[PDB]
Amino acid sequence: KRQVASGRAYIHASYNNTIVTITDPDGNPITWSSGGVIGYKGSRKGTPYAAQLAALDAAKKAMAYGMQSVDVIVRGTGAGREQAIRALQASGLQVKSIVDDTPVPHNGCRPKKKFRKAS
Amino acid sequence: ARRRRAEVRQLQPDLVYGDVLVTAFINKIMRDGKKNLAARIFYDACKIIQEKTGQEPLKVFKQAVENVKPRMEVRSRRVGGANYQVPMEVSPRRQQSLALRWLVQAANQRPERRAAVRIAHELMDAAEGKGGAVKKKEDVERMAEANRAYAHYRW
Amino acid sequence: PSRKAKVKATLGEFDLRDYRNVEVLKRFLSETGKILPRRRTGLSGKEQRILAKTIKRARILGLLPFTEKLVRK
RNA sequence: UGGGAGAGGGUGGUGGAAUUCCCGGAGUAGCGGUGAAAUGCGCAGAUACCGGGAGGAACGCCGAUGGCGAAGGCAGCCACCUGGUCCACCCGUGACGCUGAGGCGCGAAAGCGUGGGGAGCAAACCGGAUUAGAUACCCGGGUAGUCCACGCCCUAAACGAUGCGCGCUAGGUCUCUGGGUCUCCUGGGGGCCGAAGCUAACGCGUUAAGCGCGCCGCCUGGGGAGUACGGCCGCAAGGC
Ligand SMILES: [K+]
Ligand SMILES: [Mg+2]
Ligand SMILES: [Mg+2]
Ligand SMILES: [Mg+2]
Ligand SMILES: [Mg+2]
Ligand SMILES: [Mg+2]
Ligand SMILES: [Mg+2]
Ligand SMILES: [Mg+2]
Ligand SMILES: [Mg+2]
Ligand SMILES: [Mg+2]
Ligand SMILES: [Mg+2]
Ligand SMILES: [Mg+2]
Ligand SMILES: [Mg+2]
Ligand SMILES: [Mg+2]
Ligand SMILES: [Mg+2]
Ligand SMILES: [Mg+2]
Ligand SMILES: [Mg+2]
Ligand SMILES: [Mg+2]
Ligand SMILES: [Mg+2]
Ligand SMILES: [Mg+2]
Ligand SMILES: [Mg+2]
Ligand SMILES: [Mg+2]
Ligand SMILES: [Mg+2]
Ligand SMILES: [Mg+2]
Ligand SMILES: [Mg+2]
Ligand SMILES: [Mg+2]
Ligand SMILES: [Mg+2]
Ligand SMILES: [Mg+2]
Ligand SMILES: [Mg+2]
Ligand SMILES: [Mg+2]
Ligand SMILES: [Mg+2]
Ligand SMILES: [Mg+2]
Ligand SMILES: [Mg+2]
Ligand SMILES: [Mg+2]
Ligand SMILES: [Mg+2]
Ligand SMILES: [Mg+2]
């Protein structure tokens, strides 16, 4: 109910979830989905299947706005990462490209204990 | 089987249809090595499916089996303090095994007093797409799939 | 592996201290603005160390990048 | 005299990434977290996206088996101020040397005083789980502190667990940094493996744990005990 056609797909992978957000040609959320959005509570969300279901949920809700092409942006190193991508390609949407933009500091804030023990 | 991979016993073709799959089914029916009693039961059933049906018993057989084979099943596994029903594809050799076993199992659950009748009905009833044998087969597939989330644990 | 071609070889004579020569300096960065390692630039301990200061210099001026988006994965 | 390499030190100044917070847009129902979960956060709209701003702390790739420093320790970039040091020439002085009880200065982290700063992290603490019970390990919060200035404290597995200087005693190999006629030669560093030899053994082996000379420090069975007492030092903790 706003027709967009082409846009961007943001895959936010991690070890506890995979949340996907579909944006217009310049960053505005049209629809989104996540492991929890599809039903899985707790650890289930982190599974790659959830990822797939989530990426698909997003796509289906996407095309509702007449979406057809997407540029994918992946942030994170979770498990769903690769599955979510697979999902989109096979969703019907055209994956115009894929770019990994995971944020990484040039050393800034002291990480929490669980992420240290590092050198 | 820690060393080799155990080769499958090759069975002797059926005394009547010259089919190996029949000998198997017979074997599964058999209990306490009464292969005679077994064989007869299957055969009488063949003649029962021959009557109440116009189709050939041998073909009815094949079908049922084919209908009761599971193509997916969940195999339990241990992963960091937890057991998971991991969906797994099902080996052809194991399918035939589970199919034949199930038919007989289901068959003897039936109400009809006479053995052969129970096999007879269950068998034909199976090729029809119904019957407890097929329900088991379906529950198994429903079990698998329904745990596709734990599918990445390929095993 | 890594037998593609050391950047030094795949190029002529240059002044490692020229912090403004984008067209050449840029050849020493990966698909990402990351400063390539010696196993890739085919430079010596001493040269590599000078290149480092040169690149960081450009980056600050605005001539070279600090980090680029990977385009695949 | 000429020249070299360097995260050596001090002072300003600056750059980009990331986190947090605030503003705006767009967006729904969760997010987060774990072995599994809760606590928690979210329809006074969170999470995930895009734009803007504020602030603090640290400095990715290069950066190594690397480099510099007496040690502790030192990595974004620029400028200034500044210590050590290596090489070449063989130019000047003529032992002017070595060591070094006391003394003085330096001295990671935590900690102390006064005043700033505070994004992230996090003793204590407040909660959620786990458990036979957890004053824990895991999870959500979180104060001192971590950062700055000035002053204090003066400890450590402050380690190569090896005091400093000098001369002498096969080589091979890698590496950093000079000079040369540049396959290589000759210096100054960093590593491996090894002659002779040394060692209880492990190992060490022209960075010695070898062969020698000089000077300092220290040891003399374990426990009691780095305790008691005394002195000295410190705001205290406490140190010697
Ligand atoms: K005393
Ligand atoms: Mg989760
Ligand atoms: Mg000089
Ligand atoms: Mg320095
Ligand atoms: Mg907002
Ligand atoms: Mg609530
Ligand atoms: Mg409402
Ligand atoms: Mg050095
Ligand atoms: Mg050290
Ligand atoms: Mg002279
Ligand atoms: Mg004279
Ligand atoms: Mg002295
Ligand atoms: Mg003297
Ligand atoms: Mg100190
Ligand atoms: Mg401190
Ligand atoms: Mg203080
Ligand atoms: Mg915290
Ligand atoms: Mg216990
Ligand atoms: Mg309790
Ligand atoms: Mg905590
Ligand atoms: Mg020290
Ligand atoms: Mg040490
Ligand atoms: Mg001494
Ligand atoms: Mg050597
Ligand atoms: Mg050596
Ligand atoms: Mg021994
Ligand atoms: Mg040796
Ligand atoms: Mg010696
Ligand atoms: Mg010794
Ligand atoms: Mg003593
Ligand atoms: Mg005694
Ligand atoms: Mg004693
Ligand atoms: Mg003692
Ligand atoms: Mg003490
Ligand atoms: Mg006093
Ligand atoms: Mg003490």
# chains A, B, ... in the order shown; residues from 1 in each chain; ligands from 1
>>> interface_residues(of="chain A", to="chain D", cutoff="12 Å", atoms="only C-alpha atoms (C1' of nucleotides)", output="JSON, numbers by chain")
{"A": [7, 8, 9, 10, 11, 12, 13, 14, 15, 16, 17, 18, 19, 20, 21, 22, 23, 24, 25, 26, 27, 28, 29, 30, 31, 32, 33, 34, 35, 36, 37, 38, 39, 40, 41, 42, 43, 44, 45, 46, 58, 61, 73, 74, 75, 102, 103, 104, 105, 106, 107, 108, 109, 110, 111, 112, 113, 114, 115, 116]}
>>> residues_around(residues="segment 46-55 of chain C", least_positions_apart="6", cutoff="8 Å", atoms="only C-alpha atoms (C1' of nucleotides)", output="number ranges by chain")
C: 16-19, 25, 35, 38, 64; D: 62
>>> residues_near_ligand(ligand="ligand 24", cutoff="10 Å", atoms="only C-alpha atoms (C1' of nucleotides) and all ligand atoms", output="PDB file with N, CA, C and O atoms (P, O5', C5', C4', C3', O3' and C1' of nucleotides), in the first residue's frame")
ATOM      1  P     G D 172      80.045 -20.407   8.992  1.00  0.00           P
ATOM      2  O5'   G D 172      78.622 -21.120   8.941  1.00  0.00           O
ATOM      3  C5'   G D 172      78.517 -22.484   8.500  1.00  0.00           C
ATOM      4  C4'   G D 172      77.142 -23.040   8.785  1.00  0.00           C
ATOM      5  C3'   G D 172      75.977 -22.128   8.482  1.00  0.00           C
ATOM      6  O3'   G D 172      75.679 -22.075   7.108  1.00  0.00           O
ATOM      7  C1'   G D 172      75.627 -23.169  10.576  1.00  0.00           C
ATOM      8  P     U D 173      75.133 -20.705   6.483  1.00  0.00           P
ATOM      9  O5'   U D 173      73.664 -20.602   7.080  1.00  0.00           O
ATOM     10  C5'   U D 173      72.709 -21.651   6.847  1.00  0.00           C
ATOM     11  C4'   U D 173      71.435 -21.380   7.613  1.00  0.00           C
ATOM     12  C3'   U D 173      70.887 -19.963   7.519  1.00  0.00           C
ATOM     13  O3'   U D 173      70.148 -19.684   6.347  1.00  0.00           O
ATOM     14  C1'   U D 173      70.886 -20.638   9.776  1.00  0.00           C
ATOM     15  P     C D 174      70.102 -18.175   5.797  1.00  0.00           P
ATOM     16  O5'   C D 174      68.924 -17.488   6.634  1.00  0.00           O
ATOM     17  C5'   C D 174      67.619 -18.107   6.714  1.00  0.00           C
ATOM     18  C4'   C D 174      66.763 -17.445   7.777  1.00  0.00           C
ATOM     19  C3'   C D 174      66.713 -15.929   7.776  1.00  0.00           C
ATOM     20  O3'   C D 174      65.813 -15.406   6.822  1.00  0.00           O
ATOM     21  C1'   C D 174      66.992 -16.704   9.998  1.00  0.00           C
ATOM     22  P     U D 175      66.126 -13.985   6.148  1.00  0.00           P
ATOM     23  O5'   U D 175      65.869 -12.943   7.325  1.00  0.00           O
ATOM     24  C5'   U D 175      64.615 -12.925   8.024  1.00  0.00           C
ATOM     25  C4'   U D 175      64.705 -12.069   9.265  1.00  0.00           C
ATOM     26  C3'   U D 175      65.229 -10.650   9.086  1.00  0.00           C
ATOM     27  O3'   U D 175      64.207  -9.761   8.647  1.00  0.00           O
ATOM     28  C1'   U D 175      66.244 -11.658  10.991  1.00  0.00           C
ATOM     29  P     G D 190      70.652  -8.355  21.637  1.00  0.00           P
ATOM     30  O5'   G D 190      69.402  -8.810  20.762  1.00  0.00           O
ATOM     31  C5'   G D 190      68.188  -8.034  20.774  1.00  0.00           C
ATOM     32  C4'   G D 190      67.142  -8.684  19.916  1.00  0.00           C
ATOM     33  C3'   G D 190      66.956 -10.169  20.152  1.00  0.00           C
ATOM     34  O3'   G D 190      66.075 -10.403  21.245  1.00  0.00           O
ATOM     35  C1'   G D 190      67.122  -9.735  17.820  1.00  0.00           C
ATOM     36  P     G D 191      66.030 -11.856  21.934  1.00  0.00           P
ATOM     37  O5'   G D 191      65.788 -12.811  20.693  1.00  0.00           O
ATOM     38  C5'   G D 191      66.472 -14.039  20.574  1.00  0.00           C
ATOM     39  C4'   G D 191      65.764 -14.904  19.582  1.00  0.00           C
ATOM     40  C3'   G D 191      66.257 -16.323  19.574  1.00  0.00           C
ATOM     41  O3'   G D 191      65.664 -17.014  20.638  1.00  0.00           O
ATOM     42  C1'   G D 191      66.136 -15.552  17.357  1.00  0.00           C
ATOM     43  P     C D 192      66.284 -18.399  21.098  1.00  0.00           P
ATOM     44  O5'   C D 192      65.470 -19.399  20.183  1.00  0.00           O
ATOM     45  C5'   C D 192      65.954 -20.687  19.939  1.00  0.00           C
ATOM     46  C4'   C D 192      65.757 -21.041  18.499  1.00  0.00           C
ATOM     47  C3'   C D 192      66.625 -22.216  18.133  1.00  0.00           C
ATOM     48  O3'   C D 192      65.968 -23.397  18.528  1.00  0.00           O
ATOM     49  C1'   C D 192      66.955 -20.489  16.561  1.00  0.00           C
ATOM     50  P     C D 193      66.590 -24.252  19.725  1.00  0.00           P
ATOM     51  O5'   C D 193      67.776 -25.011  18.994  1.00  0.00           O
ATOM     52  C5'   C D 193      67.501 -25.772  17.814  1.00  0.00           C
ATOM     53  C4'   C D 193      68.767 -26.100  17.075  1.00  0.00           C
ATOM     54  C3'   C D 193      69.923 -26.686  17.864  1.00  0.00           C
ATOM     55  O3'   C D 193      69.761 -28.072  18.143  1.00  0.00           O
ATOM     56  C1'   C D 193      70.711 -25.144  16.234  1.00  0.00           C
ATOM     57  P     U D 206      76.860 -18.725  21.924  1.00  0.00           P
ATOM     58  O5'   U D 206      77.681 -17.387  22.086  1.00  0.00           O
ATOM     59  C5'   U D 206      77.722 -16.496  21.025  1.00  0.00           C
ATOM     60  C4'   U D 206      78.442 -15.268  21.422  1.00  0.00           C
ATOM     61  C3'   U D 206      78.670 -14.384  20.218  1.00  0.00           C
ATOM     62  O3'   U D 206      78.344 -13.059  20.562  1.00  0.00           O
ATOM     63  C1'   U D 206      80.755 -15.035  21.187  1.00  0.00           C
ATOM     64  P     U D 207      76.819 -12.581  20.426  1.00  0.00           P
ATOM     65  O5'   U D 207      76.248 -12.632  21.916  1.00  0.00           O
ATOM     66  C5'   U D 207      76.193 -13.892  22.621  1.00  0.00           C
ATOM     67  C4'   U D 207      75.113 -13.882  23.668  1.00  0.00           C
ATOM     68  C3'   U D 207      75.071 -12.777  24.685  1.00  0.00           C
ATOM     69  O3'   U D 207      74.843 -13.275  25.972  1.00  0.00           O
ATOM     70  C1'   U D 207      73.097 -12.803  23.393  1.00  0.00           C
TER      71        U D 207
END
>>> residues_near_ligand(ligand="ligand 8", cutoff="7 Å", atoms="only C-alpha atoms (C1' of nucleotides) and all ligand atoms", output="number ranges by chain")
D: 67-68, 189
>>> write_last_selection(atoms="N, CA and C atoms (P, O5', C5', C4', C3', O3' and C1' of nucleotides)", output="PDB file, in the first residue's frame")
ATOM      1  P     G D  67      64.036  -6.747  16.753  1.00  0.00           P
ATOM      2  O5'   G D  67      63.600  -5.218  16.689  1.00  0.00           O
ATOM      3  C5'   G D  67      64.004  -4.388  15.590  1.00  0.00           C
ATOM      4  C4'   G D  67      63.552  -2.973  15.820  1.00  0.00           C
ATOM      5  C3'   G D  67      64.072  -2.332  17.094  1.00  0.00           C
ATOM      6  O3'   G D  67      65.344  -1.737  16.893  1.00  0.00           O
ATOM      7  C1'   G D  67      61.733  -2.007  16.945  1.00  0.00           C
ATOM      8  P     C D  68      66.394  -1.699  18.104  1.00  0.00           P
ATOM      9  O5'   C D  68      65.769  -0.620  19.088  1.00  0.00           O
ATOM     10  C5'   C D  68      65.704   0.739  18.672  1.00  0.00           C
ATOM     11  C4'   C D  68      65.043   1.584  19.717  1.00  0.00           C
ATOM     12  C3'   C D  68      65.575   1.478  21.129  1.00  0.00           C
ATOM     13  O3'   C D  68      66.781   2.197  21.323  1.00  0.00           O
ATOM     14  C1'   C D  68      63.217   1.464  21.172  1.00  0.00           C
ATOM     15  P     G D 189      76.183  -5.030  20.294  1.00  0.00           P
ATOM     16  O5'   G D 189      74.617  -4.844  20.122  1.00  0.00           O
ATOM     17  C5'   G D 189      73.739  -5.963  20.130  1.00  0.00           C
ATOM     18  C4'   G D 189      72.349  -5.521  19.772  1.00  0.00           C
ATOM     19  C3'   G D 189      71.344  -6.645  19.812  1.00  0.00           C
ATOM     20  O3'   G D 189      70.903  -6.859  21.135  1.00  0.00           O
ATOM     21  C1'   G D 189      71.129  -5.503  17.762  1.00  0.00           C
TER      22        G D 189
END
>>> residues_near_ligand(ligand="ligand 4", cutoff="9 Å", atoms="only C-alpha atoms (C1' of nucleotides) and all ligand atoms", output="PDB file with N, CA and C atoms (P, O5', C5', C4', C3', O3' and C1' of nucleotides), in the first residue's frame")
ATOM      1  P     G D   6      62.785   4.188  11.008  1.00  0.00           P
ATOM      2  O5'   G D   6      62.634   3.942  12.571  1.00  0.00           O
ATOM      3  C5'   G D   6      62.542   2.614  13.093  1.00  0.00           C
ATOM      4  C4'   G D   6      62.601   2.633  14.599  1.00  0.00           C
ATOM      5  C3'   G D   6      61.709   3.631  15.311  1.00  0.00           C
ATOM      6  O3'   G D   6      60.358   3.202  15.399  1.00  0.00           O
ATOM      7  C1'   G D   6      63.851   3.608  16.328  1.00  0.00           C
ATOM      8  P     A D   7      59.192   4.161  14.850  1.00  0.00           P
ATOM      9  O5'   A D   7      58.254   4.382  16.113  1.00  0.00           O
ATOM     10  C5'   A D   7      57.418   3.333  16.611  1.00  0.00           C
ATOM     11  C4'   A D   7      56.955   3.664  18.006  1.00  0.00           C
ATOM     12  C3'   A D   7      57.991   3.470  19.101  1.00  0.00           C
ATOM     13  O3'   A D   7      58.779   4.655  19.256  1.00  0.00           O
ATOM     14  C1'   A D   7      55.941   2.443  19.711  1.00  0.00           C
ATOM     15  P     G D   8      60.332   4.549  19.665  1.00  0.00           P
ATOM     16  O5'   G D   8      60.354   4.986  21.194  1.00  0.00           O
ATOM     17  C5'   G D   8      60.319   4.006  22.243  1.00  0.00           C
ATOM     18  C4'   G D   8      61.020   4.533  23.467  1.00  0.00           C
ATOM     19  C3'   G D   8      60.436   5.805  24.062  1.00  0.00           C
ATOM     20  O3'   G D   8      59.322   5.564  24.913  1.00  0.00           O
ATOM     21  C1'   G D   8      62.767   6.077  23.800  1.00  0.00           C
ATOM     22  P     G D   9      58.050   6.553  24.856  1.00  0.00           P
ATOM     23  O5'   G D   9      58.502   7.793  25.738  1.00  0.00           O
ATOM     24  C5'   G D   9      58.904   7.606  27.102  1.00  0.00           C
ATOM     25  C4'   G D   9      59.460   8.888  27.659  1.00  0.00           C
ATOM     26  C3'   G D   9      58.519  10.073  27.590  1.00  0.00           C
ATOM     27  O3'   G D   9      57.597  10.069  28.660  1.00  0.00           O
ATOM     28  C1'   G D   9      60.609  10.713  26.723  1.00  0.00           C
ATOM     29  P     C D  68      66.394  -1.699  18.104  1.00  0.00           P
ATOM     30  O5'   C D  68      65.769  -0.620  19.088  1.00  0.00           O
ATOM     31  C5'   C D  68      65.704   0.739  18.672  1.00  0.00           C
ATOM     32  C4'   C D  68      65.043   1.584  19.717  1.00  0.00           C
ATOM     33  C3'   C D  68      65.575   1.478  21.129  1.00  0.00           C
ATOM     34  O3'   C D  68      66.781   2.197  21.323  1.00  0.00           O
ATOM     35  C1'   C D  68      63.217   1.464  21.172  1.00  0.00           C
ATOM     36  P     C D  74      52.944   0.884  28.633  1.00  0.00           P
ATOM     37  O5'   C D  74      53.696   1.632  27.443  1.00  0.00           O
ATOM     38  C5'   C D  74      54.079   3.012  27.558  1.00  0.00           C
ATOM     39  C4'   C D  74      54.860   3.450  26.340  1.00  0.00           C
ATOM     40  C3'   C D  74      54.257   3.103  24.989  1.00  0.00           C
ATOM     41  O3'   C D  74      53.288   4.058  24.596  1.00  0.00           O
ATOM     42  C1'   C D  74      56.559   2.580  24.989  1.00  0.00           C
ATOM     43  P     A D  75      51.837   3.570  24.112  1.00  0.00           P
ATOM     44  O5'   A D  75      51.970   3.526  22.530  1.00  0.00           O
ATOM     45  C5'   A D  75      50.868   3.104  21.740  1.00  0.00           C
ATOM     46  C4'   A D  75      51.194   3.255  20.295  1.00  0.00           C
ATOM     47  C3'   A D  75      50.152   2.693  19.340  1.00  0.00           C
ATOM     48  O3'   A D  75      49.032   3.575  19.070  1.00  0.00           O
ATOM     49  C1'   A D  75      52.313   1.885  18.771  1.00  0.00           C
TER      50        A D  75
END
>>> residues_near_ligand(ligand="ligand 3", cutoff="9 Å", atoms="only C-alpha atoms (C1' of nucleotides) and all ligand atoms", output="list in words")
residues 1, 2, 3 and 4 of chain D
>>> closest_residue(among="D:118, D:91, D:35, D:113", to="chain B", atoms="only C-alpha atoms (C1' of nucleotides)")
D:35
>>> residues_near_ligand(ligand="ligand 33", cutoff="12 Å", atoms="only C-alpha atoms (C1' of nucleotides) and all ligand atoms", output="PyMOL selection string")
chain D and resi 222-227
>>> write_last_selection(atoms="C-alpha atoms (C1' of nucleotides)", output="PDB file, in the first residue's frame")
ATOM      1  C1'   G D 222      61.489 -26.892  57.018  1.00  0.00           C
ATOM      2  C1'   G D 223      57.602 -24.711  60.122  1.00  0.00           C
ATOM      3  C1'   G D 224      56.932 -20.421  63.475  1.00  0.00           C
ATOM      4  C1'   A D 225      57.275 -15.725  59.871  1.00  0.00           C
ATOM      5  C1'   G D 226      58.063 -11.696  56.123  1.00  0.00           C
ATOM      6  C1'   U D 227      55.265 -12.666  61.893  1.00  0.00           C
TER       7        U D 227
END
>>> residues_around(residues="segment 7-13 of chain B", least_positions_apart="5", cutoff="8 Å", atoms="only C-alpha atoms (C1' of nucleotides)", output="list in words")
residues 18, 19, 20, 21, 22, 23 and 24 of chain B
>>> write_last_selection(atoms="C-alpha atoms", output="compact mmCIF listing (two decimals), in the first residue's frame")
# COMPACT_ATOMS: atom_id res chain seq x y z
CA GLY B 18 9.93 -65.73 -6.70
CA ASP B 19 10.20 -62.43 -4.89
CA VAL B 20 12.78 -61.71 -2.18
CA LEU B 21 10.68 -58.95 -0.62
CA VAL B 22 8.01 -61.56 0.06
CA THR B 23 10.37 -63.88 1.94
CA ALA B 24 11.24 -60.88 4.08
>>> select_by_dssp(residues="chain C", states="alpha helix (DSSP H)", output="PyMOL selection string")
chain C and resi 22-25+38-41+45-61
>>> write_last_selection(atoms="N, CA, C and O atoms", output="CSV table (one decimal), in the first residue's frame")
chain,number,residue,atom,x,y,z
C,22,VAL,N,47.6,9.2,-4.9
C,22,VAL,CA,46.5,8.3,-4.7
C,22,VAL,C,46.5,7.1,-5.7
C,22,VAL,O,46.5,6.0,-5.3
C,23,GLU,N,46.6,7.4,-7.0
C,23,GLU,CA,46.6,6.4,-8.0
C,23,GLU,C,47.5,5.3,-7.8
C,23,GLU,O,47.2,4.2,-8.3
C,24,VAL,N,48.6,5.5,-7.1
C,24,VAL,CA,49.5,4.4,-6.9
C,24,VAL,C,49.3,3.8,-5.5
C,24,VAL,O,49.2,2.6,-5.3
C,25,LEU,N,49.3,4.7,-4.5
C,25,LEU,CA,49.1,4.3,-3.1
C,25,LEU,C,47.9,3.4,-3.0
C,25,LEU,O,47.9,2.4,-2.3
C,38,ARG,N,53.0,-7.5,4.0
C,38,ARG,CA,54.2,-7.7,3.2
C,38,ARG,C,54.1,-8.9,2.3
C,38,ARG,O,54.7,-8.8,1.2
C,39,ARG,N,53.5,-10.0,2.7
C,39,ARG,CA,53.4,-11.1,1.9
C,39,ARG,C,52.7,-10.8,0.6
C,39,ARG,O,52.8,-11.5,-0.4
C,40,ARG,N,52.0,-9.7,0.6
C,40,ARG,CA,51.2,-9.2,-0.6
C,40,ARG,C,51.8,-8.0,-1.3
C,40,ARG,O,51.7,-7.9,-2.5
C,41,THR,N,52.4,-7.1,-0.6
C,41,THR,CA,53.0,-5.9,-1.2
C,41,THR,C,54.4,-6.1,-1.7
C,41,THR,O,55.0,-5.3,-2.4
C,45,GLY,N,61.0,-4.8,5.1
C,45,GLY,CA,60.6,-4.3,6.4
C,45,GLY,C,60.7,-2.8,6.5
C,45,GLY,O,59.7,-2.2,6.9
C,46,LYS,N,61.7,-2.2,5.9
C,46,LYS,CA,61.9,-0.8,5.9
C,46,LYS,C,60.9,0.0,5.1
C,46,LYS,O,60.4,1.0,5.5
C,47,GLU,N,60.7,-0.5,3.8
C,47,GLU,CA,59.8,0.2,2.9
C,47,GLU,C,58.4,0.1,3.5
C,47,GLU,O,57.7,1.1,3.6
C,48,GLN,N,58.0,-1.1,3.8
C,48,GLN,CA,56.6,-1.4,4.3
C,48,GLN,C,56.3,-0.4,5.5
C,48,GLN,O,55.2,0.1,5.5
C,49,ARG,N,57.3,-0.1,6.3
C,49,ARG,CA,57.1,0.8,7.5
C,49,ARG,C,56.9,2.2,7.0
C,49,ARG,O,56.2,3.0,7.7
C,50,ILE,N,57.5,2.6,5.9
C,50,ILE,CA,57.4,4.0,5.4
C,50,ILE,C,56.1,4.1,4.7
C,50,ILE,O,55.3,5.1,4.8
C,51,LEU,N,55.7,3.0,3.9
C,51,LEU,CA,54.5,3.0,3.2
C,51,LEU,C,53.3,3.2,4.2
C,51,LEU,O,52.4,4.0,4.0
C,52,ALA,N,53.4,2.5,5.3
C,52,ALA,CA,52.4,2.6,6.4
C,52,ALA,C,52.2,4.1,6.7
C,52,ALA,O,51.1,4.6,6.8
C,53,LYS,N,53.3,4.8,7.0
C,53,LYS,CA,53.1,6.2,7.4
C,53,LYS,C,52.5,7.0,6.2
C,53,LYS,O,51.7,7.9,6.4
C,54,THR,N,52.9,6.7,5.0
C,54,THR,CA,52.5,7.4,3.8
C,54,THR,C,51.0,7.3,3.7
C,54,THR,O,50.2,8.2,3.5
C,55,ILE,N,50.5,6.0,3.7
C,55,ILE,CA,49.1,5.8,3.5
C,55,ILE,C,48.3,6.4,4.6
C,55,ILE,O,47.3,7.2,4.3
C,56,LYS,N,48.6,6.2,5.9
C,56,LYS,CA,47.9,6.8,7.0
C,56,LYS,C,47.8,8.3,6.7
C,56,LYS,O,46.8,9.0,7.1
C,57,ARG,N,48.9,8.9,6.1
C,57,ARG,CA,48.9,10.3,5.9
C,57,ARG,C,47.8,10.7,4.9
C,57,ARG,O,47.1,11.7,5.1
C,58,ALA,N,47.8,10.0,3.8
C,58,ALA,CA,46.8,10.2,2.7
C,58,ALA,C,45.4,10.2,3.4
C,58,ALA,O,44.7,11.2,3.4
C,59,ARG,N,45.1,9.0,4.0
C,59,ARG,CA,43.8,8.8,4.6
C,59,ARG,C,43.3,10.1,5.4
C,59,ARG,O,42.2,10.5,5.2
C,60,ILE,N,44.2,10.6,6.2
C,60,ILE,CA,43.8,11.8,7.0
C,60,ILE,C,43.5,13.0,6.1
C,60,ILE,O,42.4,13.7,6.3
C,61,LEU,N,44.3,13.2,5.1
C,61,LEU,CA,44.0,14.3,4.1
C,61,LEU,C,42.7,14.2,3.4
C,61,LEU,O,42.0,15.1,3.1
>>> closest_residue(among="B:150, B:25, B:84, B:155", to="chain A", atoms="only C-alpha atoms")
B:150
>>> residues_near_ligand(ligand="ligand 15", cutoff="10 Å", atoms="only C-alpha atoms (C1' of nucleotides) and all ligand atoms", output="count of residues only")
6
>>> residues_near_ligand(ligand="ligand 16", cutoff="12 Å", atoms="only C-alpha atoms (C1' of nucleotides) and all ligand atoms", output="PyMOL selection string")
chain D and resi 110-117+144-152
>>> residues_near_ligand(ligand="ligand 12", cutoff="9 Å", atoms="only C-alpha atoms (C1' of nucleotides) and all ligand atoms", output="MDAnalysis selection string")
chainID D and resid 98:100 164
>>> write_last_selection(atoms="N, CA and C atoms (P, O5', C5', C4', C3', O3' and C1' of nucleotides)", output="PDB file, in the first residue's frame")
ATOM      1  P     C D  98      84.381   3.681  33.083  1.00  0.00           P
ATOM      2  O5'   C D  98      84.495   2.302  33.852  1.00  0.00           O
ATOM      3  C5'   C D  98      84.530   1.085  33.120  1.00  0.00           C
ATOM      4  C4'   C D  98      84.711  -0.074  34.057  1.00  0.00           C
ATOM      5  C3'   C D  98      83.665  -0.247  35.143  1.00  0.00           C
ATOM      6  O3'   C D  98      82.492  -0.909  34.699  1.00  0.00           O
ATOM      7  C1'   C D  98      85.813  -0.424  36.088  1.00  0.00           C
ATOM      8  P     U D  99      81.052  -0.340  35.143  1.00  0.00           P
ATOM      9  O5'   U D  99      80.860  -0.879  36.629  1.00  0.00           O
ATOM     10  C5'   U D  99      81.106  -2.258  36.952  1.00  0.00           C
ATOM     11  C4'   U D  99      81.405  -2.409  38.427  1.00  0.00           C
ATOM     12  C3'   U D  99      80.422  -1.789  39.412  1.00  0.00           C
ATOM     13  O3'   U D  99      79.309  -2.637  39.678  1.00  0.00           O
ATOM     14  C1'   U D  99      82.642  -1.312  40.074  1.00  0.00           C
ATOM     15  P     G D 100      77.846  -1.996  39.863  1.00  0.00           P
ATOM     16  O5'   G D 100      77.909  -1.252  41.262  1.00  0.00           O
ATOM     17  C5'   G D 100      78.212  -1.977  42.440  1.00  0.00           C
ATOM     18  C4'   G D 100      78.726  -1.044  43.495  1.00  0.00           C
ATOM     19  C3'   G D 100      77.786   0.062  43.929  1.00  0.00           C
ATOM     20  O3'   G D 100      76.872  -0.500  44.866  1.00  0.00           O
ATOM     21  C1'   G D 100      79.950   0.951  43.537  1.00  0.00           C
ATOM     22  P     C D 164      73.658  -7.603  34.212  1.00  0.00           P
ATOM     23  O5'   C D 164      74.816  -6.546  34.465  1.00  0.00           O
ATOM     24  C5'   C D 164      74.502  -5.158  34.614  1.00  0.00           C
ATOM     25  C4'   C D 164      75.754  -4.367  34.864  1.00  0.00           C
ATOM     26  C3'   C D 164      76.884  -4.598  33.880  1.00  0.00           C
ATOM     27  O3'   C D 164      76.712  -3.873  32.676  1.00  0.00           O
ATOM     28  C1'   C D 164      77.740  -4.666  36.079  1.00  0.00           C
TER      29        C D 164
END
>>> residues_near_ligand(ligand="ligand 36", cutoff="9 Å", atoms="only C-alpha atoms (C1' of nucleotides) and all ligand atoms", output="ChimeraX atom specification")
/D:155,237-239
